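S.K.: Let me start by giving you these chains from the complex, positioned as in the assembled structure:
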Amino acid sequence: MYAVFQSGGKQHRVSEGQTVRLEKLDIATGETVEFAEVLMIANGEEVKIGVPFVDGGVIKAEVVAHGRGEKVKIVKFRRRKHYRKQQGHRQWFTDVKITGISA
Amino acid sequence: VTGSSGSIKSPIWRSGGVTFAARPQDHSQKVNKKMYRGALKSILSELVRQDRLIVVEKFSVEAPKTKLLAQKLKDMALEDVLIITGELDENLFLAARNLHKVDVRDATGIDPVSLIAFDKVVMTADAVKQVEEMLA
């Protein structure tokens, strides 16, 4: 029961009830988003995507929370040129649970 | 440095001198009379506009007793005040030193920092005229 869908230019293969990680989405925390774009449907008999974004398939993902990702420090230094600068970064992330995939 | 390969008295050396040791100097600044009087007018205007100022016909104590002054302030519902009057009153000055929160000075003794620090200022019938003619 795995389906492939893309949200922020990255494809993800997810099943029903499996949380997935995606880039920042402009959706409410307590609301659900319907991705009309699908790349694969898996079942007793699969439904190959003869053309992109098969209409028969759709994904329903409910947002559970938001927040900042793990801290990552990026430092630039140069060979005996006296260049040195470091800065932190925390990419925004969104975790969404998928409940039911249309065939 | 008291003393006498390099030198022992070099600042880098332990127990040596200081590279840029200072000398006794005075930091007093120059303030224009016009600028000072303008600042005094501005502070007085702000003080009156917020209603920090209290004016009475004559504020004095019959006897040089601090308890009497404390009672007079208590019935007036004022604790931290600056009493500014005209001719210095012997009894008030004598019975005002012990109360740190309360300060008394003559008309010519007004200073900006004193006005800022103290919550309220208590003038007199003649002190208002004295300060008005002083500022000009």
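M.R.: Good, I have the coordinates. Numbering: from 1, shown residues only, chains lettered A, B, ... in the order given.
S.K.: so which strand or helix has the nearest residue to residue A:76 once chain neighbours are set aside?
M.R.: Leaving aside its chain neighbours, residue A:76 sits nearest to residue A:85 (5.4 Å; criterion: C-beta to C-beta, 6 or more residues apart in numbering or on different chains). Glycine gets a C-beta too; all of them are placed from N, C-alpha and C. Secondary structure from DSSP states H and E places residue A:85 in strand A:84-89.
S.K.: so how far is the following helix or strand past that strand off the chain centroid?
M.R.: Using DSSP H and E, the helix or strand that directly follows strand A:84-89 along the chain is strand A:92-101. Centroid displacement of strand A:92-101 relative to its chain, using C-alpha atoms, centre = their mean, to the nearest Å, is 7 Å.
S.K.: Okay, buried residues for strand A:92-101 please.
M.R.: Using 16 or more other C-beta atoms under 10 Å in any protein chain shown as the test for burial, strand A:92-101 gives A:93, A:94, A:96, A:97, A:98, A:101.
S.K.: ok, now stretch A:56-66?
M.R.: Residues of stretch A:56-66 classed as buried: A:57, A:58, A:59, A:60, A:61, A:63 (neighbour count, 16+ other C-beta under 10 Å).
S.K.: if you take the average position of the chain, which residue is closest to it?
M.R.: Just so you know, I chose chain A. residue A:22 (2.6 Å; C-alpha atoms, centre = their mean).
S.K.: Chain B, not that one
M.R.: residue B:114 (3.2 Å).
S.K.: got the contact list for residue A:88?
M.R.: Applying C-beta atoms under 8 Å, 6 or more residues apart in numbering or on different chains, one finds that residue A:88 lies in contact with A:71, A:72, A:73, A:74.
S.K.: add chain C to what we have:
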Amino acid sequence: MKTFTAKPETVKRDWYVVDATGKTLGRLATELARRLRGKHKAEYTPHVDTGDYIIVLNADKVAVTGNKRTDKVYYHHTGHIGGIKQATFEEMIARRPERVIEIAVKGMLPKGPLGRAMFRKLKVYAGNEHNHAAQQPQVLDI
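M.R.: Placing chain C onto the earlier chains gives this:
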């Protein structure tokens, strides 16, 4: 999410038999190296063994084209003084048929502990008969 990885203790590896006779030395060596590396399997991973054991039969009767019979030479410098021990291809194949295949396969594989682990899976003999009849090694067609 994490990409799938091959656990060394849960890898399904089988055996195979390759006949060296009638096959070009370089091409068969390359194929054997590819199979040892496990690249053919869909679970390839460059930090864990995933290939299948290979048994080579009749290494002495290997087929090589051109004048490689005499032109080819083998050199190893043990050390000390005058370590210039030459080995002509004919002499080596006559005396040590297995060493040519072993060195070729070792060269085709990486250098390091992983490469040694890959090479240790290969067995080579100079005759059809082999003692590894208990593993049921399916013949390899190529």
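S.K.: again for the buried residues of stretch A:56-66, since chain C is there now?
M.R.: A:57, A:58, A:59, A:60, A:61, A:63.
S.K.: ok so, going back, report the strands that pair with the strand holding residue A:85, each with its relative direction.
M.R.: Applying DSSP bridges, strand A:84-89 is found paired with strand A:72-77 (antiparallel).
S.K.: Counting neighbours, which bits of the partner strand end up buried?
M.R.: Within strand A:72-77, no residue counts as buried by 16+ other C-beta under 10 Å.
S.K.: Might you enumerate the residues of chain A proximal to chain C?
M.R.: Contact residues (C-beta under 8 Å from any C-beta of the partner chain) of chain A with chain C: A:12, A:20, A:21.
S.K.: Of those residues, keep whichever come out buried.
M.R.: Buried by 16+ other C-beta under 10 Å: A:12, A:20, out of these.
S.K.: how many neighbours does the residue of chain B found nearest chain C have?
M.R.: Closest to chain C within chain B is residue B:12: 53.1 Å, counting by C-beta to the nearest C-beta. Using other C-beta atoms under 10 Å in any protein chain shown, residue B:12 has 9 neighbouring residues.
S.K.: Name the SS class of it, please.
M.R.: coil (DSSP: H, G, I helix; E, B strand; the rest coil).
S.K.: Residue C:16 now?
M.R.: Three-state call for residue C:16 (three-state DSSP): strand.
S.K.: what sits against the nearest residue to the residue nearest to the centre of chain B once chain neighbours are set aside?
M.R.: Excluding its sequence neighbours, the residue lying closest to residue B:114 (C-beta to C-beta, 6+ apart) is residue B:82, at 6.3 Å. Counting by C-beta under 8 Å, 6+ apart, residue B:82 touches B:102, B:103, B:104, B:105, B:114, B:115, B:118, B:120, B:121, B:122.
S.K.: here's chain D, drop it on:
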Amino acid sequence: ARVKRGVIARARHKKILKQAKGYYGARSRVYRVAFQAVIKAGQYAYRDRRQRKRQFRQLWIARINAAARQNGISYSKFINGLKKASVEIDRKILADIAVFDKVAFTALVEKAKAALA
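M.R.: Okay, chain D now, added to the rest:
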């Protein structure tokens, strides 16, 4: 007004050393070499944040080629079939699905073969 720098220097040294844990002895305790080690590690991480994509793409390419060769088609021909079939599925998804499932990959490869011509 004399000011003592002990607190600031100690805090700086503690903070820099806390990031130099496990560097084979001297690098993990001596500030002089710990600073150089941490700077070099930061540069290496900066390069790795971009080399990771290359490494993972190469691994996916290898896995896809391995899966396709079994079905009887080269990787290049498989990609040609996928592209000519108007399929935008990336290599990462195919590599992920080739190990967990085989029927789906078989369908993809046979479709690629059919659409190649």
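S.K.: returning to what we had before: isn't the residue nearest to the centre of chain B right up against residue B:103?
M.R.: Yes - between residue B:114 and residue B:103 there is a contact at 6.9 Å, judged by C-beta atoms under 8 Å.
S.K.: Against residue C:139, how distant is residue C:130?
M.R.: 12 Å (C-beta to C-beta, to the nearest Å).
S.K.: Overlap in contacts, these two.
M.R.: With C-beta under 8 Å, 6+ apart as the test, residue C:130 and residue C:139 both reach residue C:17.
S.K.: So between these two, which is more surrounded?
M.R.: Neighbour count, other C-beta under 10 Å: between residue C:130 and residue C:139, residue C:130 has more, with 15 against 11.
S.K.: For that one, give its distance to residue C:47.
M.R.: Applying C-beta to C-beta, the value for residue C:130 to residue C:47 is 31 Å.
S.K.: Also residue D:60?
M.R.: Residue D:60 is 15 Å from residue C:47, by C-beta to C-beta.
S.K.: Please apply the same query to residue C:23.
M.R.: Taking C-beta to C-beta, one finds residue C:23 at 31 Å from residue C:47.
S.K.: next one: residue D:89
M.R.: 27 Å.
S.K.: Please enumerate the strands of chain A.
M.R.: Here chain A has its strands, by DSSP state E, at A:3-6, A:11-14, A:19-22, A:32-35, A:59-68, A:72-77, A:84-89, A:92-101.
S.K.: helices and strands around the third one, which ones?
M.R.: When you say that, I think you mean strand A:19-22. Applying 3 or more C-beta pairs under 8 Å, 6 or more residues apart in numbering or on different chains; DSSP states H and E, we find strand A:19-22 packed against strand A:11-14, strand A:92-101.
S.K.: Nice, that's everything, thank you.
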